[PDB]
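Novice: The structure under discussion is supplied below as structure tokens; questions concerning it will follow.
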Amino acid sequence: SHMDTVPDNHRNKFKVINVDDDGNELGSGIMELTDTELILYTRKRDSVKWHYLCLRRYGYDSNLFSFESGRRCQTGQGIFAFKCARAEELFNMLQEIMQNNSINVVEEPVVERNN
Amino acid sequence: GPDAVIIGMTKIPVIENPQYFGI
């Protein structure tokens, strides 16, 4: 089977460029898009991660993919955009993974309390 | 607005997550 049974690469692993407040490659990274964590493989900072329950606002412009992470992060205390050539694709994939995973590491926030 | 991250080279027109709205 291989409709969208994608490998760890080609689609989900996107070599991005960590660029901050200038679009300046301040450490061009990866953005490993998974179910719930956006695993950015930095230069020297190692695989940074962005859990989906943190991406306030995530985007895409001309090879620029972004997300406003609403927690503290390894290297992204807020709107942290990367110059991702597959920004479109990445952002998309992300928004789509967002839609299609519902995103839970574990421990559901008691779905429908009614107590 | 902030919903575009204007990261120097490029302004990123971002969107908000359905995770906070689909828990």
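Naming works like this for the structure tokens: A, B, ... for the chains as they're shown, residue 1 at the start of each chain, ligands 1 onward in shown order.
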Using only C-alpha atoms, I'd like every residue of chain A that has an atom within 6 Å of chain B; please write them out as a ChimeraX atom specification.
Specialist: /A:21-23,53,56-61
Novice: Could you please take those selected residues and save N, CA and C atoms as a PDB file, in the first residue's frame?
Specialist:
ATOM      1  N   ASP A  21      13.293  36.950  13.024  1.00  0.00           N
ATOM      2  CA  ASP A  21      13.061  38.404  12.975  1.00  0.00           C
ATOM      3  C   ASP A  21      13.765  39.103  11.801  1.00  0.00           C
ATOM      4  N   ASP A  22      14.398  38.329  10.935  1.00  0.00           N
ATOM      5  CA  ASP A  22      15.110  38.880   9.788  1.00  0.00           C
ATOM      6  C   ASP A  22      15.010  37.946   8.595  1.00  0.00           C
ATOM      7  N   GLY A  23      14.435  36.771   8.827  1.00  0.00           N
ATOM      8  CA  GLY A  23      14.452  35.716   7.831  1.00  0.00           C
ATOM      9  C   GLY A  23      15.867  35.259   7.581  1.00  0.00           C
ATOM     10  N   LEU A  53      -0.076  20.997  20.275  1.00  0.00           N
ATOM     11  CA  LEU A  53      -0.921  21.621  21.286  1.00  0.00           C
ATOM     12  C   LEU A  53      -0.273  22.896  21.769  1.00  0.00           C
ATOM     13  N   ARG A  56       0.147  27.984  18.374  1.00  0.00           N
ATOM     14  CA  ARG A  56      -0.925  28.974  18.301  1.00  0.00           C
ATOM     15  C   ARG A  56      -1.196  29.323  16.850  1.00  0.00           C
ATOM     16  N   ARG A  57      -0.212  29.936  16.199  1.00  0.00           N
ATOM     17  CA  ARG A  57      -0.398  30.361  14.820  1.00  0.00           C
ATOM     18  C   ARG A  57       0.740  29.893  13.928  1.00  0.00           C
ATOM     19  N   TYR A  58       0.404  29.112  12.928  1.00  0.00           N
ATOM     20  CA  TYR A  58       1.399  28.478  12.082  1.00  0.00           C
ATOM     21  C   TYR A  58       1.118  28.779  10.636  1.00  0.00           C
ATOM     22  N   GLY A  59       2.168  28.988   9.868  1.00  0.00           N
ATOM     23  CA  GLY A  59       1.987  29.566   8.570  1.00  0.00           C
ATOM     24  C   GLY A  59       2.958  29.112   7.533  1.00  0.00           C
ATOM     25  N   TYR A  60       2.917  29.863   6.466  1.00  0.00           N
ATOM     26  CA  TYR A  60       3.645  29.598   5.252  1.00  0.00           C
ATOM     27  C   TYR A  60       3.652  30.864   4.417  1.00  0.00           C
ATOM     28  N   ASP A  61       4.828  31.305   4.043  1.00  0.00           N
ATOM     29  CA  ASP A  61       4.971  32.261   2.980  1.00  0.00           C
ATOM     30  C   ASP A  61       6.191  31.853   2.171  1.00  0.00           C
TER      31      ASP A  61
END
Novice: Step one, run DSSP on the backbone; step two, keep only residues of segment 15-82 of chain A assigned to strand (DSSP E); then write them as a list in words.
Specialist: residues 15, 30, 31, 32, 33, 38, 39, 40, 41, 47, 48, 55, 56, 57, 58, 59, 60, 61, 64, 65, 66, 67, 68, 69, 79, 80, 81 and 82 of chain A
Novice: Any chance you can output those residues with N, CA and C atoms as a PDB file, in the first residue's frame?
Specialist:
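Saved the output as again30.pdb:
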ATOM      1  N   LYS A  15      13.874  19.926   5.326  1.00  0.00           N
ATOM      2  CA  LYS A  15      14.997  20.773   5.700  1.00  0.00           C
ATOM      3  C   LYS A  15      14.598  22.239   5.618  1.00  0.00           C
ATOM      4  N   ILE A  30      15.899  21.284  10.276  1.00  0.00           N
ATOM      5  CA  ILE A  30      14.863  20.454   9.692  1.00  0.00           C
ATOM      6  C   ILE A  30      13.556  20.852  10.331  1.00  0.00           C
ATOM      7  N   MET A  31      12.465  20.502   9.729  1.00  0.00           N
ATOM      8  CA  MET A  31      11.202  20.549  10.390  1.00  0.00           C
ATOM      9  C   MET A  31      10.497  19.237  10.126  1.00  0.00           C
ATOM     10  N   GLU A  32      10.744  18.301  11.025  1.00  0.00           N
ATOM     11  CA  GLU A  32      10.232  16.959  10.926  1.00  0.00           C
ATOM     12  C   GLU A  32       8.789  16.955  11.390  1.00  0.00           C
ATOM     13  N   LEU A  33       7.890  17.024  10.450  1.00  0.00           N
ATOM     14  CA  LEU A  33       6.489  17.078  10.765  1.00  0.00           C
ATOM     15  C   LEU A  33       5.960  15.703  11.138  1.00  0.00           C
ATOM     16  N   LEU A  38       6.526  18.850  15.973  1.00  0.00           N
ATOM     17  CA  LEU A  38       7.273  19.388  14.875  1.00  0.00           C
ATOM     18  C   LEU A  38       8.740  19.342  15.214  1.00  0.00           C
ATOM     19  N   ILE A  39       9.364  18.255  14.817  1.00  0.00           N
ATOM     20  CA  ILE A  39      10.712  17.972  15.228  1.00  0.00           C
ATOM     21  C   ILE A  39      11.710  18.712  14.313  1.00  0.00           C
ATOM     22  N   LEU A  40      12.068  19.922  14.706  1.00  0.00           N
ATOM     23  CA  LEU A  40      13.003  20.758  13.956  1.00  0.00           C
ATOM     24  C   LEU A  40      14.443  20.302  14.218  1.00  0.00           C
ATOM     25  N   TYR A  41      15.119  19.735  13.240  1.00  0.00           N
ATOM     26  CA  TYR A  41      16.512  19.334  13.464  1.00  0.00           C
ATOM     27  C   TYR A  41      17.415  20.524  13.221  1.00  0.00           C
ATOM     28  N   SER A  47      17.693  18.124  17.434  1.00  0.00           N
ATOM     29  CA  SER A  47      16.276  18.044  17.126  1.00  0.00           C
ATOM     30  C   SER A  47      15.442  18.759  18.182  1.00  0.00           C
ATOM     31  N   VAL A  48      15.060  19.965  17.845  1.00  0.00           N
ATOM     32  CA  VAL A  48      14.106  20.728  18.620  1.00  0.00           C
ATOM     33  C   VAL A  48      12.725  20.229  18.276  1.00  0.00           C
ATOM     34  N   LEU A  55       1.276  25.042  18.969  1.00  0.00           N
ATOM     35  CA  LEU A  55       1.264  25.886  17.779  1.00  0.00           C
ATOM     36  C   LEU A  55       0.045  26.809  17.761  1.00  0.00           C
ATOM     37  N   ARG A  56       0.147  27.984  18.374  1.00  0.00           N
ATOM     38  CA  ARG A  56      -0.925  28.974  18.301  1.00  0.00           C
ATOM     39  C   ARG A  56      -1.196  29.323  16.850  1.00  0.00           C
ATOM     40  N   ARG A  57      -0.212  29.936  16.199  1.00  0.00           N
ATOM     41  CA  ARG A  57      -0.398  30.361  14.820  1.00  0.00           C
ATOM     42  C   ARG A  57       0.740  29.893  13.928  1.00  0.00           C
ATOM     43  N   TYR A  58       0.404  29.112  12.928  1.00  0.00           N
ATOM     44  CA  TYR A  58       1.399  28.478  12.082  1.00  0.00           C
ATOM     45  C   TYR A  58       1.118  28.779  10.636  1.00  0.00           C
ATOM     46  N   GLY A  59       2.168  28.988   9.868  1.00  0.00           N
ATOM     47  CA  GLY A  59       1.987  29.566   8.570  1.00  0.00           C
ATOM     48  C   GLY A  59       2.958  29.112   7.533  1.00  0.00           C
ATOM     49  N   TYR A  60       2.917  29.863   6.466  1.00  0.00           N
ATOM     50  CA  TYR A  60       3.645  29.598   5.252  1.00  0.00           C
ATOM     51  C   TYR A  60       3.652  30.864   4.417  1.00  0.00           C
ATOM     52  N   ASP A  61       4.828  31.305   4.043  1.00  0.00           N
ATOM     53  CA  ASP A  61       4.971  32.261   2.980  1.00  0.00           C
ATOM     54  C   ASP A  61       6.191  31.853   2.171  1.00  0.00           C
ATOM     55  N   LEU A  64       8.968  30.257   3.738  1.00  0.00           N
ATOM     56  CA  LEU A  64       8.986  30.623   5.144  1.00  0.00           C
ATOM     57  C   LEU A  64       7.817  29.900   5.841  1.00  0.00           C
ATOM     58  N   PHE A  65       8.091  28.932   6.706  1.00  0.00           N
ATOM     59  CA  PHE A  65       7.026  28.283   7.480  1.00  0.00           C
ATOM     60  C   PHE A  65       7.151  28.725   8.921  1.00  0.00           C
ATOM     61  N   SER A  66       6.040  29.003   9.551  1.00  0.00           N
ATOM     62  CA  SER A  66       6.077  29.552  10.885  1.00  0.00           C
ATOM     63  C   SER A  66       5.095  28.857  11.812  1.00  0.00           C
ATOM     64  N   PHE A  67       5.279  29.082  13.103  1.00  0.00           N
ATOM     65  CA  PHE A  67       4.314  28.708  14.118  1.00  0.00           C
ATOM     66  C   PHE A  67       4.564  29.527  15.393  1.00  0.00           C
ATOM     67  N   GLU A  68       3.501  30.036  15.998  1.00  0.00           N
ATOM     68  CA  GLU A  68       3.607  30.710  17.275  1.00  0.00           C
ATOM     69  C   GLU A  68       3.408  29.704  18.379  1.00  0.00           C
ATOM     70  N   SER A  69       4.473  29.250  18.990  1.00  0.00           N
ATOM     71  CA  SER A  69       4.341  28.263  20.030  1.00  0.00           C
ATOM     72  C   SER A  69       3.998  28.947  21.357  1.00  0.00           C
ATOM     73  N   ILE A  79       6.440  33.215  18.227  1.00  0.00           N
ATOM     74  CA  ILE A  79       6.448  33.121  16.772  1.00  0.00           C
ATOM     75  C   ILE A  79       7.852  32.780  16.299  1.00  0.00           C
ATOM     76  N   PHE A  80       8.052  31.530  15.950  1.00  0.00           N
ATOM     77  CA  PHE A  80       9.335  31.080  15.460  1.00  0.00           C
ATOM     78  C   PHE A  80       9.157  30.530  14.066  1.00  0.00           C
ATOM     79  N   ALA A  81       9.589  31.314  13.104  1.00  0.00           N
ATOM     80  CA  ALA A  81       9.454  30.954  11.720  1.00  0.00           C
ATOM     81  C   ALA A  81      10.771  30.406  11.188  1.00  0.00           C
ATOM     82  N   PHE A  82      10.678  29.514  10.231  1.00  0.00           N
ATOM     83  CA  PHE A  82      11.846  28.959   9.590  1.00  0.00           C
ATOM     84  C   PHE A  82      11.679  29.162   8.115  1.00  0.00           C
TER      85      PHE A  82
END
Novice: Which residues are close to segment 93-106 of chain A, i.e. within 6 Å by only C-alpha atoms, leaving aside same-chain residues fewer than 3 positions away? Reply as a PyMOL selection string.
Specialist: chain A and resi 35-36+89-90
Novice: If I take atom CA of residue 44 of chain A and atom CA of residue 85 of chain A, how far is one from the other in Å, to one decimal?
Specialist: 20.3 Å
Novice: How many Å lie between atom CA of residue 108 of chain A and atom CA of residue 9 of chain A, rounded to one decimal?
Specialist: 29.2 Å
Novice: Would you please extract all alpha helix (DSSP H) residues from segment 24-95 of chain A, as assigned by DSSP on the backbone, and give them as a list in words?
Specialist: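 Here is the list: residues 87, 88, 89, 90, 91, 92, 93, 94 and 95 of chain A.
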Novice: Between atom CA of residue 86 of chain A and atom CA of residue 70 of chain A, what distance in Å does the model show, to one decimal?
Specialist: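 Between atom CA of residue 86 of chain A and atom CA of residue 70 of chain A the gap is 23.2 Å.
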